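**Student:** This one's experimental. Sequence and coordinates below.
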Amino acid sequence: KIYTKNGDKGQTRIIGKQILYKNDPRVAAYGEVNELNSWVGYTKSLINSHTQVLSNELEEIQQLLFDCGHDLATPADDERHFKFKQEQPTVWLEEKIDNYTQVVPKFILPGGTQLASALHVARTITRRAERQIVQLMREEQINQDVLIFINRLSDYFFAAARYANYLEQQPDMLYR
Amino acid sequence: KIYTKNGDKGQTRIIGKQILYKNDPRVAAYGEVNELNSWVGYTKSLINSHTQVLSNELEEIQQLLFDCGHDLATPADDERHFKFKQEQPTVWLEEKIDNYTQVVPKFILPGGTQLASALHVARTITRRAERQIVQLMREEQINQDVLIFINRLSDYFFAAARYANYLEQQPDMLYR
Amino acid sequence: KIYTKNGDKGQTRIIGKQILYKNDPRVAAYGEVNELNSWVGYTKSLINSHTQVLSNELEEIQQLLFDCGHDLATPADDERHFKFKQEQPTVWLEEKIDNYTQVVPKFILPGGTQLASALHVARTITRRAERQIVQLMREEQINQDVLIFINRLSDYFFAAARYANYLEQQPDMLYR
Ligand SMILES: Nc1ncnc2c1ncn2[C@@H]1O[C@H](COP(=O)(O)OP(=O)(O)OP(=O)(O)O)[C@@H](O)[C@H]1O
Ligand SMILES: Nc1ncnc2c1ncn2[C@@H]1O[C@H](COP(=O)(O)OP(=O)(O)OP(=O)(O)O)[C@@H](O)[C@H]1O
Ligand SMILES: Nc1ncnc2c1ncn2[C@@H]1O[C@H](COP(=O)(O)OP(=O)(O)OP(=O)(O)O)[C@@H](O)[C@H]1O
Ligand SMILES: [Mg+2]
Ligand SMILES: [Mg+2]
Ligand SMILES: [Mg+2]
Ligand SMILES: [Mg+2]
Ligand SMILES: [Mg+2]
Ligand SMILES: [Mg+2]
């Protein structure tokens, strides 16, 4: 049974021993990163024959987010338990940002093709998670690498969103 | 006219007499449960001929959430106004969890078919609402039955998500 | 390069000089309004030949939200920088609310056609943003016009959602 009922009174476990309330800043940060991941999976499902290229990196992004979630759930002082390192993932994001940035043609408004719009939604959820990650940071020591990655990731989603639009011959929505 | 303009200064009514600010913990909990409901409706709209079975329970889940919202909007001390009881709804969820759990084949990453992905998104929004419900709980007496149901509900959505994938011959996305 | 890396330590700029933490109430309000906008773009992408009429106003709503975001990012005391005025936008919303309100046939549950459901999701995200805008308001002076508009906007989305359902011959989901 996947339901233990240990959570039915509003408390839960993290990595290590601490029992925390579900509204605890750390539980929320791990939660928002998990919601971002759900949305990436949703976005990934909207891929078709014209946008097929975007599929593996999005899938890869989901792996990276799982790792981010793991480290957010891990207290820095914990003696028995951080697996996420930002350098390779972020550089990889930076390559795609520059790639997509030069391919594509005012301020840009979120929208366009359904995949582009979903990638624009990814951008804003990534940012919502980022604020919650900073909020944790202000109370507890966190893996700063997660924050570096998350910050770059919303930039990736802006870049990929524009590219998704470009891939289906769709103009970016512009502020008039 | 559906707009009274009574809210234009950031205040609103709940069940009973209290005028509360819209950022009040209770207004937020009622709000997050309402967003969950919107998303279930959205998820329900993605059903097609292969996933048609999932339709009634999702519809049923929306009824239950409306009730949850009602009780969250109701102060426990209020003399003129709780309608939600968890036993039958939660057992009903537990049956479907076990059903779906045995039908379907690493950690699972959210994604797959569009309906499966949406059910995975439902899971995380349910959890976001759950944290906001706990947050209310820590300041005010609430209907604990709502919390019991909500906690089980995200487990339902994990279970149904996997099943949605299974229904369309789609493998669960796995952590590599 | 769209990534400056100035944000990698959890801090960011607003309109004017203040460097703020990303979890700052003002950064969150600007963020939630930006997420609403993403979702409107997403909703707009779900339009087809039967719902084509809804397209321009949704597009127009995205312009208005960009302005809302701008003013939320602007401290009221700032000497070098408010562009949003609510009167024309809100009256325009009020016309569409009355229009759509008379066209369309219990409490209504969110859901129906995919576009209707998305407009129902828009409603709840608008409201989530509204609570975050009030939260800012309780600490800082804000452009009250933004709040007036946002409040009416979720009413617009309820109205348009029902109409989207009506446009595709779909009954509103009712609380049983
Ligand atoms: N509402 C929530 N939001 C975000 N993260 C959560 C939430 N609830 C639990 N978690 C985290 O996810 C892990 C697994 O979730 P799960 O729902 O199984 O925990 P639980 O609710 O405490 O137990 P149970 O659901 O079996 O009663 C938990 O150990 C906790 O760290
Ligand atoms: N931003 C919000 N988030 C969550 N719940 C809300 C929000 N605003 C209002 N509510 C709740 O939903 C109920 C109905 O919403 P409604 O928007 O009609 O209220 P209002 O904003 O106070 O009034 P009006 O919109 O007519 O000015 C309210 O009585 C309140 O309990
Ligand atoms: N996580 C966030 N949520 C909401 N709004 C944000 C967030 N981060 C930044 N902003 C706002 O959006 C503007 C542009 O975003 P951007 O991500 O470029 O800022 P940054 O993260 O500080 O810089 P960089 O991403 O280049 O390190 C910022 O000046 C800030 O006002
Ligand atoms: Mg569980
Ligand atoms: Mg940034
Ligand atoms: Mg109203
Ligand atoms: Mg749980
Ligand atoms: Mg940037
Ligand atoms: Mg209102």
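**Tutor:** In hand now; what should we look at? Numbers count the residues shown, from 1 in each chain, chains lettered A, B, ... in the order given. Ligands and ions are numbered 1, 2, ... in the order given.
**Student:** can you pull the contacts of the nearest residue to residue A:14 once chain neighbours are set aside?
**Tutor:** Nearest non-adjacent residue to residue A:14, counting by C-beta to C-beta, 6 or more residues apart in numbering or on different chains: residue A:73, 4.8 Å away. From N, CA and C alone the C-beta is placed, and that goes for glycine too. Going by C-beta atoms under 8 Å, 6 or more residues apart in numbering or on different chains, residue A:73 touches A:14, A:15, A:26, A:30.
**Student:** As TSV, these with neighbour count would be great.
**Tutor:** Formatted as TSV, the contacts of residue A:73 follow (neighbours: other C-beta atoms under 10 Å in any protein chain shown):
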residue	neighbour count
A:14	18
A:15	18
A:26	23
A:30	26
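**Student:** Inside strands: which ones of the residues you listed?
**Tutor:** Using DSSP state E, no member of those sits in strands.
**Student:** Specify which member of those residues is nearest to ligand 6.
**Tutor:** Nearest to ligand 6, judged by C-beta to the ion, of the contacts of residue A:73 is residue A:30 at 34.7 Å.
**Student:** What distance do you get for the residue nearest to residue A:97 when sequence neighbours are not counted to ligand 4?
**Tutor:** In this structure, residue A:97 finds its nearest non-sequential neighbour in residue A:159, 4.5 Å apart by C-beta to C-beta, 6+ apart. In this view, residue A:159 and ligand 4 are 36 Å apart by C-beta to the ion, to the nearest Å.
**Student:** And residue A:159, which helix or strand is it part of?
**Tutor:** helix A:144-167 (DSSP states H and E).
**Student:** Tell me which other helices or strands that helix touches.
**Tutor:** Other helices and strands packing on helix A:144-167, by 3 or more C-beta pairs under 8 Å, 6 or more residues apart in numbering or on different chains; DSSP states H and E, are helix A:55-72, helix A:87-103, helix A:114-137.
**Student:** 6 Å instead?
**Tutor:** helix A:87-103, helix A:114-137 (3 or more C-beta pairs under 6 Å, 6 or more residues apart in numbering or on different chains; DSSP states H and E).
**Student:** partners of the helix or strand following that helix in the sheet?
**Tutor:** Scanning forward in sequence from helix A:144-167 by DSSP H and E, the next helix or strand is strand A:173-174. If you go by DSSP bridges, strand A:173-174 pairs up with strand A:108-109 (antiparallel).
**Student:** Report the beta-bridge partners for residue A:12.
**Tutor:** Counting by DSSP bridges, residue A:12 is bridged to residue A:20.
**Student:** That one against residue A:22, yeah?
**Tutor:** Yes: when contacts are counted by C-beta atoms under 6 Å, residue A:12 is listed as touching residue A:22 (5.4 Å).
**Student:** Which residue of the two possesses the greater neighbour count?
**Tutor:** Comparing residue A:12 with residue A:22 by other C-beta atoms under 10 Å in any protein chain shown, the one with more neighbours is residue A:22, at 24 against 20.
**Student:** Next, the contact list for that one, please.
**Tutor:** Contacts for residue A:22 (C-beta atoms under 6 Å, 6 or more residues apart in numbering or on different chains) come out as A:10, A:12, B:130, B:131, B:134.
**Student:** Test my guess that the first one contacts residue B:134.
**Tutor:** Yes: Residue A:10 lies in contact with residue B:134 (C-beta under 6 Å); the separation is 4.0 Å.
**Student:** Quick check: closest non-adjacent residue to the residue of chain A at minimum distance from ligand 7.
**Tutor:** When scored by C-beta to the ion, chain A has residue A:7 as its residue closest to ligand 7, at 3.9 Å. Closest residue to residue A:7 apart from its sequence neighbours, by C-beta to C-beta, 6+ apart: residue B:151 at 4.8 Å.
**Student:** Would you confirm that the one you found contacts residue A:9?
**Tutor:** No: look at residue B:151 against residue A:9 with C-beta under 6 Å: they stay out of range, at 8.9 Å.
**Student:** Settle it for me: which of those two has more neighbours?
**Tutor:** residue B:151 (27 against 15).
**Student:** What's the local residue count around the residue in chain A positioned nearest to ligand 8?
**Tutor:** Residue of chain A nearest ligand 8, by C-beta to the ion: residue A:155 (4.6 Å). Residue A:155 has 22 neighbouring residues, counting by other C-beta under 10 Å.
**Student:** Tally up the residues packed near the closest residue to it other than its chain neighbours, please.
**Tutor:** Leaving aside its chain neighbours, residue A:155 sits nearest to residue C:3 (4.7 Å; criterion: C-beta to C-beta, 6+ apart). Per other C-beta under 10 Å, the neighbour tally for residue C:3 reads 20.
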